[PDB]
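J.: Got a structure here, written out as structure tokens. Questions coming.
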Amino acid sequence: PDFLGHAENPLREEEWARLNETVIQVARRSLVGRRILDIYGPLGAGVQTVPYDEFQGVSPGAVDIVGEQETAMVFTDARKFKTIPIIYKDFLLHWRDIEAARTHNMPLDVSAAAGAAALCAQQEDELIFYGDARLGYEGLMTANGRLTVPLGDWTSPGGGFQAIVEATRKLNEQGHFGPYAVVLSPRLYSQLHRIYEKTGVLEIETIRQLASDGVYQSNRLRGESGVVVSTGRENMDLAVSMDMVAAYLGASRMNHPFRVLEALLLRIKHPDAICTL
Amino acid sequence: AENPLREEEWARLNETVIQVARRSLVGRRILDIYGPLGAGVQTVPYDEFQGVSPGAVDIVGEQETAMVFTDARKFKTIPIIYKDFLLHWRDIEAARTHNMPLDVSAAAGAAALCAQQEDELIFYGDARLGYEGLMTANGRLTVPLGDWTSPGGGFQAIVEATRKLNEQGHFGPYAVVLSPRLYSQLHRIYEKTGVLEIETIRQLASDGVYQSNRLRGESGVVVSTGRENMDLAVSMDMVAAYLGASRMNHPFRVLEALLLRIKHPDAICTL
Amino acid sequence: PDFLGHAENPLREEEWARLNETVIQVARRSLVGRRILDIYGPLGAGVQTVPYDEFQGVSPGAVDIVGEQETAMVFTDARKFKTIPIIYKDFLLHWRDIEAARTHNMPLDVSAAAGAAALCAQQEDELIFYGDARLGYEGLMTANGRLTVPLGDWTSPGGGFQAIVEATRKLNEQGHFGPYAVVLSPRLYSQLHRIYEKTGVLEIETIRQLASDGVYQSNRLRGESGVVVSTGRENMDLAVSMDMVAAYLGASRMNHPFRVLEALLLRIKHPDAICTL
Amino acid sequence: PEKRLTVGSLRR
Amino acid sequence: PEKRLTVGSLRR
Amino acid sequence: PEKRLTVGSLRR
């Protein structure tokens, strides 16, 4: 009656708690996408499909003396449900380390957990910013109806503002106005982040004033691209079926492997609140 | 890492495999089984045959006619017949909370495949491993089952097969198993008065005339239904077993452990 | 008493004890095979088949700090389940000695039991050393995969051990080297001990150096043959349903016949640690 | 203790 | 035994 | 009433 065997959970309650806390903290550090969208609440594990809202609408409610507008918003064919994928990584933890953590040296080290959580978060951010064709999904820099507007004008001391000015104009021409948000690639963001524009101070301050909902960084995005969206719900959403958490796969040769999970889907209910390169 | 399904879902799964098997099987309906031997047994004794000894001395006192025993002692190993399938954990969660059927279609498919496999085994033993086929068992008493598509058709062949069995001093209530083509083409309504050919054949047989697709196109067999001529040793019936979680998806496997030992290879006739 | 006829057991306790001790003694004295073979434990009388298990196998097996190298454990090449035969001999007592031994000559006379046990053990060795083909059994000097080697140089000093050196070479080439055992026929076991001129040292000394598990002689083997094996398990075994015992065969003509029994099977788990002519 | 049997109760 | 969202709702 | 092997235990 001893350690060796294909036993159940090797860990203990304090060790489990530390593992969960570590993955939560690295997730919170690492997640850029979940800071401009907003989530449709925890639906439970069992759910696997979610309704997919259809398309655009230019029906503004009108105010009259006696109610007769009737404000029709008619959908066309169906609702076209879609499925919720999964994302994961690995946790090879040696068995001898867990044994030492009982009778000897006792800092059970879980850095592999942090590495796996970082990889998982990076992948799902890549999903939000780019769908996967194999699953037939959609991403922000690839959807149809992005209202593309070329820039080709940076590296000059000030030629970055007018691009976003025009982008805001294009957003508003489709009658879709509100508190914008911007996400930018690393070298583009740093180049923007440069010296005073010769008309005040650093360009980042004017851009943050114009966007009014942050200007964020994404290494997950391509070289010289970036996007601006309208943060409000009733346009974009992030359905989650369960948050990131770690589970113990089984017994490997004699080690102990785990896996970190979450089940997301972004819903772009209105492919007009997006403008790109 | 644990036993996923609860009692109710276990019961539903087990009853599904049971029902599909009990519907699909034709072998269990014609042979009788040696008692469930338990899992541990892996080999069984064999048969006894061609002990041609009149033994009809019948005197006051007694003579010394030879006794009957196994012709040559030997054993055989009980095979294992199995099918495998998969279940997805999210589906178990849904069945637990959101919607509550717990689809068990896969169990039905697996049970059908396993039963088909074992019937093919009974009617045709495995060549590579080395077993006996009811259409290939040695000492098989051939009889032409041809010349059908006639008003008086299969009756003239079944009667011939019965006389062949009975000249071997090997009789009783007979049984018949026929290929689908022959069995369905047998409803040549009329013999002469009003009686279907199948039912008069059945009156001649008295232990059912069955149809099994597993047979070839143009063939069928007739046997003497008793024991001490054929047997079906079982080590466990078709059941469901859990193979341990793998990548959070649960596999499963349906099991059956069977072997037939044709003790007296004289109750067999074919085309 | 001795007229009632077909009493179940003629003898009393001490007579049974004397029979058993006698047959054990003569068996142990007259057995040669059972001295180079670890026996598979006492199964019972009910068991009649044993899992003849393997045919071949070699796999290095490796060392690493963490323990992931993917060496497939030695399982089996083909399960067979051979049956277990029976070996027996029988003898007679004169229904009066069982009376004298109860009054006059207090210890019972059992010379017939010893005479029978000798022949029974003789057949045991003959079975382990040779097949029968009337039940399809394999014998050491018959089984296929024997790695034959010519050995004709004897009757002269310039040779003899070179053959067994060659046998060691051939067995090693199969990666199967360990503590060897050698069995030889009388016509050559005597030949080993010659004291021919320029004597030096008699050869069986070097042979026993080179063997290290004993050089043996058995008459059951033919005139001009002999074998070399590797003593360990996983190469040879001896399945034993029941060792030599005395049993009773009913009383005929008021006399008393008995029979010595034992049920063995030789199973070679590796027909590669064998060499012959 | 008894070795149960499930499917194969089909007569004959 | 609740849904218990853990890491979601960042600044929004 | 054990198995109680009797004669055959010769070493090696």
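Residue numbers (the authors' numbering), protein chains in the order written: chain A, 1 to 277; chain C, 7 to 277; chain B, 1 to 277; chain H, 2 to 13; chain F, 2 to 13; chain G, 2 to 13.
Think of the CB as a built atom: it goes at the ideal place given N, C-alpha and C, for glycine as much as any other residue.
Going by the DSSP bridge assignment, what does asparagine 172 of chain A pair with across the sheet?
T.: The sequence position of residue 172 of chain A within the first sequence is 172, counting from 1. None, per the DSSP bridge assignment.
J.: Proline 186 of chain B by DSSP, collapsed to three states: which one?
T.: Numbered from its first residue, the third sequence carries residue 186 of chain B at position 186. Helix, per DSSP.
J.: Taking the beta carbon of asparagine 235 of chain B as the centre, do at least 16 other beta carbons fall within 10 Å, making it buried, or is it exposed?
T.: For the purposes of this step, residue 235 of chain B is taken as residue 235 along the third sequence, with counting starting at 1. The residue in question, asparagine 235 of chain B, is buried, as its Cβ has 16 or more Cβ neighbours within 10 Å.
J.: Whole-angstrom Cβ separation of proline 271 of chain C and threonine 231 of chain C, contact assumed at under 8 angstroms?
T.: If you number the second sequence from 1, residue 271 of chain C lands on position 265. If you number the second sequence from 1, residue 231 of chain C lands on position 225. Between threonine 231 of chain C and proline 271 of chain C the Cβ distance is about 15 angstroms, and since that is not below 8 angstroms, they are no contact.
J.: Would you call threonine 155 of chain C buried or exposed, if buried means 16 or more other Cβ atoms sit within 10 Å of its Cβ?
T.: To locate residue 155 of chain C, count along the second sequence from 1; it is residue 149. Exposed, because fewer than 16 other Cβ atoms sit within 10 Å of the Cβ of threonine 155 of chain C.
J.: At 7 angstroms on the CB atoms, spell out the chain A contacts of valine 66 of chain B, in chain order.
T.: The count along the third sequence starts at 1 and reaches residue 66 of chain B at position 66. Ordered by position in chain A, the residues that pass the 7 angstroms Cβ test against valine 66 of chain B are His94.
J.: When the distance is taken between beta carbons, is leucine 238 of chain B closer than 9 angstroms to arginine 29 of chain B?
T.: Taking the third sequence and counting its residues from 1, the one referred to as residue 29 of chain B is at position 29. Taking the third sequence and counting its residues from 1, the one referred to as residue 238 of chain B is at position 238. Cβ atoms of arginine 29 of chain B and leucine 238 of chain B: not closer than 9 angstroms.
J.: DSSP has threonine 49 of chain B in a bridge; who is on the other side?
T.: Here residue 49 of chain B corresponds to residue number 49 of the third sequence, with the count starting at 1. Answer by DSSP bridge pairing, in chain order: B/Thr83.
J.: Please return the same chain residues whose Cβ sits closer than 6 angstroms to the Cβ of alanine 116 of chain B, not counting the five positions on each side in sequence.
T.: The count along the third sequence starts at 1 and reaches residue 116 of chain B at position 116. Counting only Cβ-Cβ distances below 6 angstroms, and skipping sequence neighbours, we find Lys89, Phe91 and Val260.
J.: Name the residues in the stretch 237–250 of chain A whose C-beta lies less than 9 angstroms from a C-beta of chain F; which are they?
T.: Listed by position along the chain: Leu238, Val240, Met242, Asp243, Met244 and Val245.
J.: Quick one: Cα of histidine 176 of chain C to Cα of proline 150 of chain C, how far?
T.: Along the second sequence, read from residue 1 onward, the residue named residue 176 of chain C stands at position 170. Along the second sequence, read from residue 1 onward, the residue named residue 150 of chain C stands at position 144. Cα to Cα, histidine 176 of chain C sits roughly 20 angstroms from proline 150 of chain C.
J.: Any beta-carbon of chain C closer than 9 angstroms to the one on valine 47 of chain A?
T.: As a first step, residue 47 of chain A must be located in the first sequence, where it is residue number 47. Taking Cβ atoms only, chain C reaches closer than 9 angstroms to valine 47 of chain A, which makes this a yes.
J.: Taking contact to mean 3 or more Cβ pairs, one atom from each stretch, closer than 8 angstroms, check whether the stretch 110–126 of chain C and the stretch 56–76 of chain A are in contact.
T.: Because the criterion of three Cβ pairs below 8 angstroms is not met, the stretch 110–126 of chain C and the stretch 56–76 of chain A do not touch.
J.: Just verifying my parser: in three-state terms, what is the DSSP assignment at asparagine 255 of chain C?
T.: To locate residue 255 of chain C, count along the second sequence from 1; it is residue 249. Reduced to three states, the DSSP call for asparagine 255 of chain C is strand.
J.: Would you say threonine 76 of chain C lies against chain B (beta-carbon separation less than 9 angstroms)?
T.: The residue given as residue 76 of chain C occupies position 70 in the second sequence. Not closer than 9 angstroms to any Cβ of chain B, the Cβ of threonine 76 of chain C fails to qualify, so no.
J.: Return the bridge partner residues of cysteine 120 of chain A from the DSSP annotation.
T.: Taking the first sequence and counting its residues from 1, the one referred to as residue 120 of chain A is at position 120. Answer by DSSP bridge pairing: none, since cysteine 120 of chain A is not bridged.
J.: Helix, strand or coil for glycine 33 of chain C per DSSP?
T.: Within the second sequence, numbered from 1, the residue matching residue 33 of chain C stands at position 27. Here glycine 33 of chain C sits in helix by DSSP.
J.: Taking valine 58 of chain C as the reference, which of C/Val74, C/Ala133 and C/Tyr40 has the closest Cα?
T.: For this step, residue 58 of chain C is matched to residue 52 along the second sequence. Ranking the options by Cα distance to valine 58 of chain C, first place goes to C/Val74.
J.: Would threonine 83 of chain A and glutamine 48 of chain A be called neighbours here (beta carbons separated by less than 9 angstroms)?
T.: Mapped onto the first sequence, residue 83 of chain A falls at position 83. Mapped onto the first sequence, residue 48 of chain A falls at position 48. Yes, Cβ-Cβ distance for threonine 83 of chain A and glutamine 48 of chain A is below 9 angstroms.
J.: Do the stretch 178–195 of chain B and the stretch 207–216 of chain B make contact, defined as three or more Cβ pairs closer than 8 angstroms?
T.: Because the criterion of three Cβ pairs below 8 angstroms is met, the stretch 178–195 of chain B and the stretch 207–216 of chain B touch.
J.: Using a 10 Å radius around the Cβ and a threshold of 16 neighbouring Cβ atoms, would you call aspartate 153 of chain C buried or exposed?
T.: Working through the second sequence from its first residue, we reach residue 153 of chain C at position 147. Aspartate 153 of chain C is exposed by the Cβ-count criterion.
J.: Could you have a look at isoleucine 274 of chain B and say whether DSSP puts it in helix, strand or coil?
T.: Here residue 274 of chain B is taken as the residue at index 274 of the third sequence, counted from 1. Strand, per DSSP.
J.: May I have the straight-line CA-CA distance separating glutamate 203 of chain C from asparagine 255 of chain C, to the nearest angstrom?
T.: Stepping through the second sequence from its first residue, residue 203 of chain C is reached at position 197. Stepping through the second sequence from its first residue, residue 255 of chain C is reached at position 249. Cα to Cα, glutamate 203 of chain C sits roughly 54 angstroms from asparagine 255 of chain C.
J.: Is the distance from the Cβ of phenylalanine 81 of chain B to the Cβ of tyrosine 52 of chain B below 9 angstroms?
T.: Numbered from 1 along the third sequence, position 81 holds the residue referred to as residue 81 of chain B. Numbered from 1 along the third sequence, position 52 holds the residue referred to as residue 52 of chain B. It is a contact, given that the beta carbons lie within the stated cut-off.
J.: Note down the Cα distance separating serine 10 of chain G from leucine 37 of chain B, rounded to an integer number of angstroms.
T.: Counting from one through the sixth sequence, the residue named residue 10 of chain G turns up at place 9. Counting from one through the third sequence, the residue named residue 37 of chain B turns up at place 37. One C-alpha to the other measures close to 10 angstroms.
J.: Between the Cα of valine 66 of chain B and those of A/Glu14, A/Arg96, A/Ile86 and A/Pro60, spot the shortest distance and give me the residue it belongs to.
T.: Translated into the one-based positions of the third sequence, residue 66 of chain B becomes position 66. For the residues A/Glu14, A/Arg96, A/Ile86 and A/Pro60, the minimum Cα distance to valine 66 of chain B belongs to A/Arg96.
J.: State yes or no: is the C-beta of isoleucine 268 of chain B within less than 9 angstroms of the C-beta of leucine 147 of chain B?
T.: Looking up residue 268 of chain B in the third sequence gives position 268. Looking up residue 147 of chain B in the third sequence gives position 147. Taking 9 angstroms as the Cβ cut-off, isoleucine 268 of chain B and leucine 147 of chain B do not qualify as a contacting pair.
J.: Beta-carbon within less than 7 angstroms of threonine 76 of chain B's beta-carbon, same chain only, minus the 5 sequence neighbours each way: which residues are those?
T.: Locating residue 76 of chain B in the third sequence gives position 76, counting from the first residue. Closer than 7 angstroms at Cβ, skipping near neighbours: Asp53 and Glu54.
J.: Answer with yes or no whether the minimum CB distance from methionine 73 of chain C to chain A is below 9 angstroms.
T.: In the second sequence, the residue the question calls residue 73 of chain C occupies position 67. Not closer than 9 angstroms to any Cβ of chain A, the Cβ of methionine 73 of chain C fails to qualify, so no.
J.: Would you mind working out which of A/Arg253, A/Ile98, A/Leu265 and A/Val245 sits nearest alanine 118 of chain A, comparing C-alpha positions?
T.: Stepping through the first sequence from its first residue, residue 118 of chain A is reached at position 118. Looking at the Cα atoms, A/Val245 is the closest of the given residues.
J.: Thinking C-beta only, is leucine 108 of chain A closer than 9 angstroms to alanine 101 of chain A?
T.: Within the first sequence, numbered from 1, the residue matching residue 101 of chain A stands at position 101. Within the first sequence, numbered from 1, the residue matching residue 108 of chain A stands at position 108. Yes, Cβ-Cβ distance for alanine 101 of chain A and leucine 108 of chain A is below 9 angstroms.
J.: For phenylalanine 258 of chain A, does the count of other Cβ atoms within 10 angstroms reach 16, so buried, or fall short, so exposed?
T.: Here residue 258 of chain A corresponds to residue number 258 of the first sequence, with the count starting at 1. Result: buried.
J.: Under 9 angstroms between C-beta atoms, does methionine 106 of chain A make it to chain B?
T.: For the purposes of this step, residue 106 of chain A is taken as residue 106 along the first sequence, with counting starting at 1. Not an interface residue.
J.: CA-CA distance, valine 50 of chain A and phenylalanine 129 of chain A?
T.: As a first step, residue 50 of chain A is located in the first sequence; it is residue number 50 there, counting from the start. As a first step, residue 129 of chain A is located in the first sequence; it is residue number 129 there, counting from the start. When rounded, the distance between both Cα atoms is 20 angstroms.
J.: For the alpha helix (DSSP H) that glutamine 209 of chain B lies in, which residues bound it at each end?
T.: For the purposes of this step, residue 209 of chain B is identified with residue 209 of the third sequence, where counting begins at 1. Where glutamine 209 of chain B is concerned, the enclosing alpha helix (DSSP H) stretches over 203–211.
J.: Per the DSSP calculation, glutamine 217 of chain A is bridged to which residue(s)?
T.: Along the first sequence, read from residue 1 onward, the residue named residue 217 of chain A stands at position 217. In the DSSP output, where bridge partners are listed per residue, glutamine 217 of chain A has A/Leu184.
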